[PDB]
Protein chains: 10
Amino acid sequence: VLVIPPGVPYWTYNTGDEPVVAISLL
Amino acid sequence: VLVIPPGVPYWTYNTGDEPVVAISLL
Amino acid sequence: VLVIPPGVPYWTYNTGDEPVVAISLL
Amino acid sequence: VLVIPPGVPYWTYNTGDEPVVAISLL
Amino acid sequence: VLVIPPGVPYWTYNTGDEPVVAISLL
Amino acid sequence: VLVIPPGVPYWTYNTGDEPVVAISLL
Amino acid sequence: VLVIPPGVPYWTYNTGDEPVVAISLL
Amino acid sequence: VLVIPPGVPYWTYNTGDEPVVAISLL
Amino acid sequence: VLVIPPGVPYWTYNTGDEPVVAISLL
Amino acid sequence: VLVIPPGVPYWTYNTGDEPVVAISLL
């Protein structure tokens, strides 16, 4: 993954290869 | 994945290869 | 992952390879 | 991961390889 | 991880290889 | 605006009253 | 704006009253 | 703005009243 | 702005009233 | 701004009233 923003970025998040587990029991 | 925004970006998220598990029981 | 923002960035987060476990029980 | 922001950055966080465990029980 | 910001940085955090355990019980 | 997500949210953005100006000339 | 997420949130952004100006000339 | 997340949050940003000016010329 | 996170937070940023000027010329 | 995190926080930043000027010329 290549990222190169000129100018004025804002909250740049180049997440990559991010396994996610989300389980909720009520 | 290649990302290069000129100008003024805003909340750029170039997520890639992101396995997601979401299970909810009530 | 390559990141090079010119100009004025803001809250740049180039997270990579970030295993996430999130389980909640009420 | 390569990071080189010119100009004026702000709260730059280039986190990488960050295993996360988050489990909450109420 | 390579970091080299010119100009004026602000709260630069290049965290890398940071295992995190966060478990809370109420 | 009232927001109260139980469980495990992700990138919640409850933006409100957000004047936006975006003009670009090439 | 009222926000109260139980469980394990992620990157919660309850931005409110956010005047935004973004003009770019090339 | 009222914020009260139980459990284990992550990068919580309750920005409020945030005038933003972003102008870039190349 | 009222903030009271129980448990184990991470990088909590309750920024409020934050005038921002970001102008870049190349 | 009222902040009272129980448990184990991490890098808590309750910035308030923060005029920011960021201008860069190359």
# chains A, B, ... in the order shown; residues from 1 in each chain; ligands from 1

$ residues_around --residues "region 6-14 of chain C" --least-positions-apart "5" --cutoff "7 Å" --atoms "only C-alpha atoms" --output "MDAnalysis selection string"
(chainID A and resid 5:15) or (chainID D and resid 5:15) or (chainID I and resid 22 24) or (chainID J and resid 22 24)

$ atom_distance --atom1 "CA of residue 26 (chain C)" --atom2 "CA of residue 26 (chain A)"
4.9 Å

$ select_by_dssp --residues "chain F" --states "strand (DSSP E)" --output "VMD selection string"
chain F and resid 2 to 3 20 to 25

$ atom_distance --atom1 "CA of residue 25 (chain B)" --atom2 "CA of residue 23 (chain E)"
20.3 Å

$ atom_distance --atom1 "CA of residue 4 (chain C)" --atom2 "CA of residue 19 (chain H)"
25.7 Å
